[PDB]
Amino acid sequence: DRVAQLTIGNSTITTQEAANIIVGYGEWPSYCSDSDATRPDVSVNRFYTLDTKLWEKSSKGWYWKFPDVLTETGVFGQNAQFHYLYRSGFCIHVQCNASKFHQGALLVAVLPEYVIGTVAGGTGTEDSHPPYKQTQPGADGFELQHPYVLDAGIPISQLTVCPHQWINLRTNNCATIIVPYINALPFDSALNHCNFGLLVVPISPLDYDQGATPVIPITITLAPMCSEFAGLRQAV
Amino acid sequence: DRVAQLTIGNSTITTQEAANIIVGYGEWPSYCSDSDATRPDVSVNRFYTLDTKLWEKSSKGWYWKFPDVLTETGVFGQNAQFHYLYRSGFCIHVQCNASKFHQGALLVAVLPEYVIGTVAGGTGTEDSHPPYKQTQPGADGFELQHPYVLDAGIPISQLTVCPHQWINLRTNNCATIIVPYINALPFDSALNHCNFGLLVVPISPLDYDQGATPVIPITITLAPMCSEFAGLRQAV
Amino acid sequence: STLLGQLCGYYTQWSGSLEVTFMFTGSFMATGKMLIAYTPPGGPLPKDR
Amino acid sequence: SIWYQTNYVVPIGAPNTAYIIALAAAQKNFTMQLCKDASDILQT
Amino acid sequence: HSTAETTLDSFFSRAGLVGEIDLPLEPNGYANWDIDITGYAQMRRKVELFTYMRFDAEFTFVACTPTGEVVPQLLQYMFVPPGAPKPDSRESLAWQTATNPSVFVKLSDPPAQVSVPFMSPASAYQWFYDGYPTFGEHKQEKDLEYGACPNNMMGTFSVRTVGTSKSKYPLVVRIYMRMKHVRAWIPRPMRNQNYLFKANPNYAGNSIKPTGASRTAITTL
């Protein structure tokens with residue numbers, strides 16, 4: 001139970017580092033000094049604290065999509081709408097708070113290029129494609145439908161090849177992943193290419209005795225890293 | 001007889017330095033580091049080129065009021081809407097273009113605390129007061145009504161006590177004024193306290209022979225200096 | 001309620017920074033997190049977090 | 001402004017409702033300027 | 001040889017008649033003189049030559065009958081600082097609260113004179129506040145919140161007789177005021193047209209006059 005005092009720019013969090021440490025892809029976020037074939041320091045670098053999503057016994061999972069998560073909310077969103085070209089890293093910090101009398105492991109894992117797919121449905125049709133509000137869910141995220149196949153015919157059983165950290169309320173109450181910019185191009189549109197998709201999956205389902213608050217939250221705190229831009233557009 | 005190549009950040013002007021150089025109040029704009037009893041350097045500092053107000057033979061004058069001029073137009077306007085506290089300097093640069101066959105001197109001068117006043121009248125009643133759209137006219141500016149007294153019982157004859165530069169199409173076709181932050185307080189609302197008010201008044205009226213494009217413009221290009229802000233608010 | 005507030009009533013003009021300390025009084029077991037935000041004069045109370 | 005960022009987790013025997021005390025004070029750069037007297041009553 | 005006479009402190013430091021207070025026999029027993037360096041209908045222009053100013057001031061109180069007779073009365077002059085409450089009536093606690101300084105002199109005594117320091121939260125007075133006070137929004141309706149900077153408030157002066165029963169002698173109280181340690185700043189062009197409102201430089205557009213006199217033609221005298 002380390003003491004907690006963490007603050008930057010204007011934001012201020014209260015976390016710890018006494019158990020789980022830090023997991024990266026094997027490469028810290030950095031800049032580029034190439035031929036491409038503005039560097040905000042005093043505003044963007046602030047802990048944007050998302051909305052605490054609840055967690056029932058009969059939950060299925062959740063998933064956000066960077067940089068869609070912020071594209072419609074925040075100062076970052078502003079200098080994202082005006083720009084067309086984008087590049088950054090992220091300091092995702094997923095934190096759920098609950099008693100010792102609760103239990104239920106989670107799988108915090110980052111899946112780059114999360115192309116999803118839904119069930120063919122309707123009434124009798126053959127073709128359909130996921131709506132804009134499922135490929136770009138936004139800050140609220142989207143509780144997915146079929147966890148076991150990650151809405152892509154992709155089994156969770158092997159997700160651990162990607163960066164992950166377990167949250168077991170017995171042991172761990174903290175999750176921290178640092179993800180670099182990962183793309184075939186050093187720059188891409190922040191609007192039309194949702195990069196990696198963060199997702200939170202309960203494997204060991206939440207359980208409790210009766211009368212123990214049936215809803216333990218998941219506070220998501222994230223921070224961009226080493227953001228970089230060049231040419232700009234005009235404001236309204 | 002000089003080449004013109006003046007640029008910063010993104011903006012780019014085309015001036016000269018063949019006549020008078022620069023007129024200031026006697027003090028370059030600077031910062032502050034005391035007990036009071038954010039500093040954008042790579043964005044605010046851009047040459048805002050206003051709209052060229054025309055000049056007929058029978059015009060009477062114009063006057064803008066800083067920093068209102070920019071507060072509702074531009075990135076500068078933005079970090080004025082979000083912030084509450086303000087301090088900056090200005091590099092006012094007026095340039096009018098006309099032929100050798102035109103003539104008519106102007107008096108470009110900056111009047112700090114341009115408290116103006118309108119005529120009482122209408123019906124025979126005694127009191128009426130200048131509107132918000134005359135006290136803060138904005139970028140478009142405002143054609144003043146009674147020049148000789150500057151709509152304030154203030155004779156032009158003595159305007160030269162303030163920073164000024166004459167524009168005579170015979171000699172000089174350019175004017176450049178630098179104004180520092182001038183207030184009883186090191187910070188004031190940029191929104192509700194328009195500091196110095198720039199005004200441009202023709203004394204020797206524009207003249208020409210008939211059929212010679214009777215309208216010579218006044219291109220105003222300005223750029224902030226040593227801007228300073230403090231506390232910030234959230235975005236819409 | 002504060003002594004500060006009362007003394008200020010024996011004066012007119014104030015000036016300076018202020019500290020505000022919150023103390024939690026719940027169980028050792030109860031957890032949860034809350035947001036405390038300061039908002040400068042211009043601009044009002046924000047509708048949502 | 002104070003916001004319920006999270007739910008209130010209450011194991012089993014914790015009260016679902018708890019209370020918070022707020023303490024306030026001025027920093028060392030606090031200054032006042034003008035003496036003036038306020039409202040009190042004082043009878044015989 | 002010297003230019004000290006052309007200094008601000010030689011240009012302003014003269015006690016002028018600013019306040020004329022009438023204390024008749026038969027109204028309630030007091031008067032309130034909101035301090036305005038005006039009154040002396042010459043100081044405005046002499047002051048409105050500048051924008052930002054700073055000074056402490058010495059006040060002097062001359063009291064007599066309208067006859068000019070000197071009468072054995074005992075007055076109470078009271079300085080009421082800004083923000084502090086004003087006297088509601090003759091017997092409010094504003095007279096005894098004593099936070100508001102008080103001057104007790106007879107009239108047989110020579111005029112009590114007192115100095116008042118510079119009392120603005122701002123670094124200097126303003127005669128011009130191009131804008132609306134902090135923080136001017138909308139929902140206005142009221143049409144006075146322009147060019148008014150309350151940072152220029154110097155407080156108020158009040159007089160008694162004293163109570164409880166009203167005096168017998170008709171009184172007038174002359175208030176004389178002088179500036180000290182004056183420091184002006186950014187210079188204004190001097191007024192040319194007649195005033196109409198206080199705390200506002202409006203003018204009569206129908207009736208504009210030339211700054212100075214005029215001739216019939218340029219070639220004549």
# chains A, B, ... in the order shown; residues from 1 in each chain; ligands from 1
>>> closest_atom_pairs(of="chain C", to="chain E", cutoff="9 Å", atoms="only C-alpha atoms", output="CSV")
residue,atom,partner,partner_atom,distance
C:12,CA,E:83,CA,6.9
C:13,CA,E:121,CA,8.3
C:41,CA,E:135,CA,8.4
C:42,CA,E:135,CA,7.5
>>> write_last_selection(atoms="C-alpha atoms", output="mmCIF file, in the first residue's frame")
data_model
loop_
_atom_site.group_PDB
_atom_site.id
_atom_site.type_symbol
_atom_site.label_atom_id
_atom_site.label_comp_id
_atom_site.auth_asym_id
_atom_site.auth_seq_id
_atom_site.Cartn_x
_atom_site.Cartn_y
_atom_site.Cartn_z
ATOM 1 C CA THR C 12 -12.758 44.208 3.243
ATOM 2 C CA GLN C 13 -10.235 43.259 0.590
ATOM 3 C CA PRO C 41 -14.485 32.847 -12.396
ATOM 4 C CA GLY C 42 -15.117 33.116 -16.130
#
>>> interface_residues(of="chain C", to="chain D", cutoff="6 Å", atoms="only C-alpha atoms", output="MDAnalysis selection string")
chainID C and resid 10:26 30:37
>>> write_last_selection(atoms="C-alpha atoms", output="JSON list (two decimals), in the first residue's frame")
[["chain", "number", "residue", "atom", "x", "y", "z"],
["C", 10, "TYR", "CA", -13.52, 42.26, 9.97],
["C", 11, "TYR", "CA", -11.79, 43.32, 6.79],
["C", 12, "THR", "CA", -12.76, 44.21, 3.24],
["C", 13, "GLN", "CA", -10.24, 43.26, 0.59],
["C", 14, "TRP", "CA", -8.79, 39.77, 0.52],
["C", 15, "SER", "CA", -5.92, 38.38, -1.56],
["C", 16, "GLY", "CA", -4.02, 35.13, -1.78],
["C", 17, "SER", "CA", -4.10, 31.42, -2.48],
["C", 18, "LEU", "CA", -6.16, 28.99, -0.42],
["C", 19, "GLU", "CA", -5.78, 25.40, 0.74],
["C", 20, "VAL", "CA", -8.83, 23.16, 0.99],
["C", 21, "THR", "CA", -8.38, 19.88, 2.84],
["C", 22, "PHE", "CA", -10.92, 17.08, 2.56],
["C", 23, "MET", "CA", -11.01, 14.26, 5.07],
["C", 24, "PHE", "CA", -12.77, 10.99, 4.44],
["C", 25, "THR", "CA", -14.55, 9.31, 7.35],
["C", 26, "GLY", "CA", -15.56, 5.91, 6.00],
["C", 30, "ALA", "CA", -14.95, 1.06, 1.59],
["C", 31, "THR", "CA", -13.26, 2.36, -1.55],
["C", 32, "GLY", "CA", -14.18, 4.35, -4.63],
["C", 33, "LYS", "CA", -12.81, 7.46, -6.31],
["C", 34, "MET", "CA", -14.15, 10.99, -6.64],
["C", 35, "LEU", "CA", -13.33, 14.04, -8.74],
["C", 36, "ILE", "CA", -12.55, 17.44, -7.27],
["C", 37, "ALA", "CA", -12.29, 20.20, -9.86]]
>>> select_by_dssp(residues="chain C", states="helix (DSSP H, G or I)", output="list in words")
residues 3, 4, 5, 6, 7 and 8 of chain C
>>> atom_distance(atom1="CA of residue 103 in chain A", atom2="CA of residue 60 in chain A")
15.9 Å
>>> select_by_dssp(residues="range 26-155 of chain B", states="strand (DSSP E or B)", output="NGL selection string")
:B and (48-49 or 53 or 62-63 or 83 or 86-95 or 103 or 106-111 or 119 or 143)
>>> closest_residue(among="B:173, B:59, B:81, B:73", to="chain A", atoms="only C-alpha atoms")
B:73
>>> residues_around(residues="residue 39 in chain C", least_positions_apart="5", cutoff="10 Å", atoms="only C-alpha atoms", output="ChimeraX atom specification")
/B:231-234 /C:44-46 /D:1
